[PDB]
Amino acid sequence: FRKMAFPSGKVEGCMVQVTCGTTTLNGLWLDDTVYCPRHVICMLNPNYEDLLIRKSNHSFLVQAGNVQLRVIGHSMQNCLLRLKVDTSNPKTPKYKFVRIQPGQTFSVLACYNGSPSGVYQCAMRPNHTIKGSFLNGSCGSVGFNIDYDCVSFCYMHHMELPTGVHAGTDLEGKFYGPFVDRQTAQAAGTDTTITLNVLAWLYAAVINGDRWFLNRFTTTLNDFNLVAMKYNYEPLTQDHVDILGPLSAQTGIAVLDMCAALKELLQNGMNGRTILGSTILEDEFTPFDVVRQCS
Amino acid sequence: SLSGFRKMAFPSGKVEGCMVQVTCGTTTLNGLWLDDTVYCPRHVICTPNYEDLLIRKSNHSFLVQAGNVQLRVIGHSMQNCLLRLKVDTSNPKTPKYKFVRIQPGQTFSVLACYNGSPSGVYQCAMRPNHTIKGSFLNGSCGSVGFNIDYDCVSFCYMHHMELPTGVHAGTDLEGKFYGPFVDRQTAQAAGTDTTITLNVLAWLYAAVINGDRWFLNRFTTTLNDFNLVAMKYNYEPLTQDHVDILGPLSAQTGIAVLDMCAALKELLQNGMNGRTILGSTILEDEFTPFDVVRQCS
C-alpha cells in the first residue's frame with residue numbers, strides 16, 4: 001500500500017513567486033488573483049494592518065517563471081494577502097477552497113521561489129499540525145485534493161514549529177490550530193493517533209489478502225475506547241463507525257470486530273509481524289483513501 | 001534541521017500531459033505520447049507469438065485517446081515488449097525527455113493512471129530483485145516511472161504486470177524487461193529480495209546532516225567484515241563502487257563510509273533500542289544518495 005499523492009500538474013500551473021522587500025515566498029495564482037501568506041510584507045511583534053497600509057501595489061513583485069505580473073490591487077483576508085494582478089492565469093483549473101478537518105489527508109506541492117520541487121501526501125494531525133518536509137523558502141506552498149478534475153485547495157503553508165512540524169491556514173487565511181503568524185513561544189499541542197484511519201488501513205490489509213491480525217472476539221464501542229484511549233488513540237464515535245460501512249461490507253468484517261482486532265494489536269503488539277509491510281500501525285490513510293487505492 | 005523525511009515524488013505535470021488511453025479490441029491500457037509516437041505495452045494486442053498477433057492488426061485496430069481527443073494511428077511497430085504507434089498529431093505538451101535504464105536500488109516517481117487518466121503519484125525504488133512495490137489497480141498497465149532533472153524528464157519504467165506476491169514488473173522505455181520476467185503468464189516469481197544497503201547508508205548520512213547522530217561511534221570496520229554482518233541480516237553486499245557513490249555525503253559530514261558501516265553494523269546487531277533515526281523506528285532503504293541531497297537541498 002503506497003501513500004499516493006494526487007497528480008500535481010493542475011497546481012504546478014498556478015504557482016508563482018511573490019517578493020516584498022527582501023522577502024520572497026510562493027503564491028497561488030488563480031484567474032486574476034494571487035494568494036500568499038501575509039507575512040511576505042514582514043517580527044516578534046507585527047501589526048499587519050499598520051504594515052500593509054504603508055505598501056502600494058508596486059511594493060509587490062509577482063513572477064510567473066521569468067515573467068513579471070503587475071499587481072493592480074491588494075487586500076488582506078485573515079492571514080493571507082490577495083493580490084489582484086493584470087494577467088489572468090490561463091491554466092487556472094476548476095477549483096474550490098475547503099477547510100478540512102483533522103484526520104483528513106491531502107497532497108502538498110512543495111515549492112521554492114515559485115518553482116515546484118516535489119509532491120507528497122500527508123494527514124492533518126488531530127492537533128492541526130502537519131508532519132511535512134519544508135525547507136527555507138517553502139511558505140505559500142499549498143495542499144489540495146483532486147476530485148474529477150476539480151482542485152479543492154485546503155492548505156497554505158506559513159510556519160515551522162519548534163518540534164519541527166508545520167502550521168498553516170486554509171485558503172481563507174484562517175489558521176489550522178491555535179497558531180499565529182509571528183515568532184512567539186507557540187508550540188504543537190498534544191496529539192493522538194487517528195483511530196479511524198488505522199481501522200481503514202486494517203481494512204486495506206484484509207482487502208489486499210492479509211488476515212493474520214484478526215481474532216474471534218467482538219467489542220462494544222465503549223469497551224474499545226476504554227482500551228485504545230490508553231494508547232493515545234483518538235476516541236472513536238458512532239459517526240466514525242458509520243464511515244467504515246463500505247469497507248466493512250466489502251470485506252465481511254463488522255466494524256466492531258475490526259476494533260477488537262485493533263484492541264488486541266495494541267495490547268499484544270505485532271510480535272515481529274508486519275501489516276502491509278509496516279512494523280507499525282499506519283494512520284495517514286482515510287477510509288476514502290483506501291477505497292481510492294483498493295477498488 | 002529536518003526532523004524527518006517524506007518520500008517525495010517529482011511534480012508530475014510534465015508526465016500527465018503525455019498520458020493517453022490505448023484500446024485494441026476489448027483491451028485498454030495507458031500509453032505514453034511523445035512527439036508523434038505513442039509507446040505502450042505490446043500486450044495491448046492480447047486478451048504468445050506477438051509477431052503473429054500483430055500481423056492480424058492494422059492501424060485502424062488501435063484506438064488512441066488523449067482525454068477527448070482522438071489520435072489517429074498512422075503506423076505501428078513492435079520494439080521488444082513495447083508497441084510504438086505513430087499518430088497524426090505531435091504532442092504539443094511533449095517535455096524535454098530521455099529514456100534511461102534504471103539500476104537496482106535507484107528510485108523514481110510513478111504516475112499511476114487509469115485508462116489514460118492520471119490518478120496518483122508516488123515514489124518507489126527498483127528492488128534488488130528487479131520488482132517494484134507499487135500500487136497499480138485494474139487499468140494501470142502502461143503507467144510510467146521517471147525522474148526529472150532541471151525540467152528534463154528521464155523515463156525509466158513502464159508497468160506491465162503484477163506478480164503472485166503482489167509486487168510489480170515492467171520494462172524500460174526500449175521495451176526490455178527489468179529482471180527475468182516475460183509478458184506472458186507463466187509460473188514466474190520474484191527472487192528473494194534484500195535490503196538496499198547503499199540507501200540505508202545514505203539515509204544514516206541524511207540523519208547526521210540533520211543532527212540525529214546518536215548511532216555514531218569511534219570505530220571502523222573493513223568492507224569484508226561489514227559485508228559478513230550485512231549479508232547475515234539480508235542486506236546487499238556493499239561494493240567499492242557503492243563506497244564511492246557515498247563520497248559526497250561522506251565528505252560533507254567528515255564520516256568515512258567504513259566508519260558509517262561500523263555504526264550500521266552495531267544497529268543491525270543491537271537494534272535501535274526503541275529510538276528513532278530521523279523519525280523512523282526502522283532503517284529506511286528507499287532514499288538514494290541523490291534523494292538525500294534533494295530533500296536536504
Side-chain angles (χ1 to χ4, degrees), chain A residues 1-3 120-123 125-127 129-133 163-165 188 190-195 197-199 201-202 204-205 210 212-213 228 230-234 262 264-285, chain B residues 1-8 107 123-125 133 193-217 229-230 232-235 260-261 263-288 291-292 295-296:
Chain A
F1 221 54
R2 280 266 187 215
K3 286 224 190 77
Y120 59 93
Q121 177 75 352
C122 60
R125 298 307 313 163
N127 70 1
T129 65
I130 285 111
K131 296 185 117 35
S133 212
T163 47
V165 299
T190 47
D191 195 36
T192 43
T193 294
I194 312 158
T195 305
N197 286 7
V198 175
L199 289 162
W201 174 88
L202 301 173
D210 204 5
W212 76 262
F213 47 81
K230 213 277 134 287
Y231 290 80
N232 196 42
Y233 269 54
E234 187 62 33
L262 185 44
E264 177 178 312
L265 292 168
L266 297 176
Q267 282 167 342
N268 297 182
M270 238 177 265
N271 83 282
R273 310 155 107 172
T274 55
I275 307 177
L276 281 163
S278 168
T279 58
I280 63 162
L281 299 174
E282 171 67 62
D283 80 346
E284 298 191 305
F285 296 93
Chain B
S1 306
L2 299 177
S3 281
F5 263 23
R6 286 264 178 202
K7 294 270 179 67
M8 304 193 33
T107 54
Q123 188 75 355
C124 66
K133 329 258 208 239
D193 203 29
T194 35
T195 289
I196 305 159
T197 304
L198 175 64
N199 291 359
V200 174
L201 291 170
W203 183 78
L204 293 183
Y205 279 104
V208 174
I209 284 166
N210 288 282
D212 212 348
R213 67 193 164 246
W214 61 265
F215 50 81
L216 299 176
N217 63 50
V229 184
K232 108 85 115 72
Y233 289 93
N234 201 53
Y235 269 48
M260 191 66 85
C261 284
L264 176 56
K265 153 149 120 212
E266 300 301 317
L267 285 168
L268 290 161
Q269 285 170 343
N270 309 146
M272 234 172 282
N273 295 319
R275 290 163 107 166
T276 48
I277 290 173
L278 205 43
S280 160
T281 50
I282 51 137
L283 297 174
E284 297 284 343
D285 85 347
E286 300 207 346
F287 297 88
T288 66
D291 288 345
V292 162
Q295 267 207 56
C296 298

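Values below: every heavy atom of this structure, side chains too, minus hydrogens, waters and symmetry copies. In what follows, every chain begins at residue 1, and chains take the letters A, B, ... in the order their sequences are listed.
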Novice: Looking at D191(A), is its backbone amide N or carbonyl O close enough to the side chain of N232(A) to form a donor-acceptor pair, meaning the two atoms are under 3.5 Å apart?
Specialist: yes
Novice: Take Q121(A) and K7(B) through the test side chain to side chain contact (heavy atoms under 4.5 Å, CB included) and record every step on the way to the result.
Specialist: CA-CA 9 Å; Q121(A) 177 75 352; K7(B) 294 270 179 67; over 6 Å; no
Novice: For a side chain to side chain contact (heavy atoms under 4.5 Å, CB included) check, start with the C-alpha distance between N210(B) and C296(B), then their side-chain angles and the critical distance, and finish with the verdict.
Specialist: CA-CA 8 Å; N210(B) 288 282; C296(B) 298; 3.4 Å; yes
Novice: Are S3(B) and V165(A) close enough, and set up right, to give a side chain to side chain contact (heavy atoms under 4.5 Å, CB included), and what steps lead you there?
Specialist: CA-CA 8 Å; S3(B) 281; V165(A) 299; over 6 Å; no
Novice: Do the side-chain N and O atoms of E282(A) and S278(A) include a donor-acceptor pair separated by under 3.5 angstrom?
Specialist: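 Their side chains do not contain a donor-acceptor pair, so the 3.5 Å distance test is not met.
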Novice: Just by distance, do the side chain of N273(B) and the backbone of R275(B) share a donor-acceptor pair under 3.5 Å?
Specialist: no
Novice: What I'd like to find out is whether the side chain of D283(A) reaches to under 4.5 Å of the side chain of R125(A), using heavy atoms alone.
Specialist: yes
Novice: Mind checking the CG-CH2 spacing from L264(B) to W203(B)? Nearest 0.5 Å is all I need.
Specialist: 10.5 Å
Novice: Using a strict cut-off of less than 4.0 Å between a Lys/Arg side-chain nitrogen and an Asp/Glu carboxylate oxygen, indicate whether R6(B) and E284(A) qualify as a salt bridge.
Specialist: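 A salt bridge links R6(B) with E284(A).
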Novice: Give, for atom CG of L281(A) and atom CG of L202(A), the distance between the pair rounded to the nearest 0.5 Å.
Specialist: 6.5 Å
Novice: For the backbone of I277(B) and the side chain of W214(B), can you confirm whether one donor and one acceptor N or O come within less than 3.5 Å of each other?
Specialist: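 A pair under 3.5 Å: no.
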Novice: What residues form a side chain to side chain donor-acceptor pair (under 3.5 Å) with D291(B), not counting sequence neighbours?
Specialist: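 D291(B) satisfies side chain to side chain donor-acceptor pair (under 3.5 Å) with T107(B), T288(B) only.
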Novice: Can you name the nearest heavy-atom pair linking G211(B) to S1(B), along with the distance?
Specialist: N-OG, 4.4 Å
Novice: Between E234(A) and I194(A), is the side chain to side chain contact (heavy atoms under 4.5 Å, CB included) condition met? List the steps.
Specialist: CA-CA 6 Å; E234(A) 187 62 33; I194(A) 312 158; 5.9 Å; no
Novice: About how many Å separate CG of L265(A) and CD1 of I280(A), when rounded to the nearest 0.5 Å?
Specialist: 13.0 Å
Novice: I need the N199(B) CG to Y235(B) OH distance, nearest 0.5 Å.
Specialist: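 Going from CG on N199(B) over to OH on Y235(B), the span is 10.5 Å.
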Novice: Give the ring-plane orientation class for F1(A) versus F285(A), where under 30° counts as parallel, over 60° as perpendicular and anything between as tilted.
Specialist: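 Tilted.
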Novice: For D210(A), what residues pass the side chain to side chain donor-acceptor pair (under 3.5 Å) criterion, not counting sequence neighbours?
Specialist: none
Novice: Measuring from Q267(A):CD to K230(A):NZ, what's the distance to the nearest 0.5 Å?
Specialist: 12.0 Å
Novice: Let me confirm one number: the OG1-CG distance from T192(A) to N127(A), rounded to the nearest 0.5 Å.
Specialist: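 Result: 8.0 Å between the selected atoms.
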